[PDB]
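Just the one chain here, the form deposited in one PDB entry, laid out as structure tokens.
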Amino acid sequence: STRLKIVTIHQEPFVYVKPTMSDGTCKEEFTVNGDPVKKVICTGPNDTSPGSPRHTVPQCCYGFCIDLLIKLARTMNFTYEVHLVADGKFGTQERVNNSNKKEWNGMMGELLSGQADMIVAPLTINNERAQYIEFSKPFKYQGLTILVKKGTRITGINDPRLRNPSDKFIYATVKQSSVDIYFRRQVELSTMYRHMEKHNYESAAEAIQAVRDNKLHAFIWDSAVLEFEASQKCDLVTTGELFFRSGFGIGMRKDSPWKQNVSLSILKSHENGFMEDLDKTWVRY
């Protein structure tokens, strides 16, 4: 078939996921600035629970990455079907039993096994993944930053209340997340990691609420998300300079005939203001 199988993941504001309405269509929504929200049907599991059947049902997807897909599809003249990654993960290498050989899970695993032809999601470009798949030039540049209550002054990762931690100023990230792994991996962040390990949260929503409830003083997380959170919640701000800059890219297999033109299209969309429009639509307010 010539229809491309697109795999994505729920991650706001890049991909929202909602149920269809009673007639199986997606609710009409707009922005106050006028434009209808473009929505696509994505099939995927709708029960995350462990050991559960993965009953694939049509759902409604929209957001920065879906707008980007729509544009690429029209510009490059392809059709597509979207589904949500069956195991709910972005993609890490995990060990098999009886073997020290690793296997990718998540969206990476689906792309490599042929269950998808393209990953269209906020997929961090890094060395480990690039050894196995091809990435476009970044469709979104971002990094790590720090979410605090309005009025809290923190210069960034080199602020004294971060570098010399105490329980008078608690900071933390999400357990087992890409940020936690980054803080573990880097030896020079050892005293900060020791502090964070005492305080890390189970989810970003929980960390973000704790910042609101003055139980967590600073939450360290991906800047794209935190800028979106600051945009809706006027009591919370980001603070300090970005660090550990990174980019999100479209993912394709090594042999893909789409890779060159997908990347040129992303460059074109940055240069002509399309990407800025997506930023103001989905990441600001």
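Sequential numbering from 1, following the sequence displayed.
From this point on, the text means the form deposited in another entry, which you will not see here.
Participant: Can you tell me which of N200, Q142, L69, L226 is located at the hinge, considering how the rigid parts move between the shown form and the other one?
Facilitator: Among the listed options, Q142 lies at the hinge between the shown form and the other one.
Participant: At a change of 3 Å or more, would you call the C-alpha separation of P50 and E110 in the other entry closer or farther than in the form supplied?
Facilitator: Residues separate in the other entry, at least 3 Å farther apart.
Participant: Tell me whether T92 and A218 end up closer or farther apart in the other entry, going by their C-alpha atoms; the shift is 3 Å or more.
Facilitator: Result: closer.
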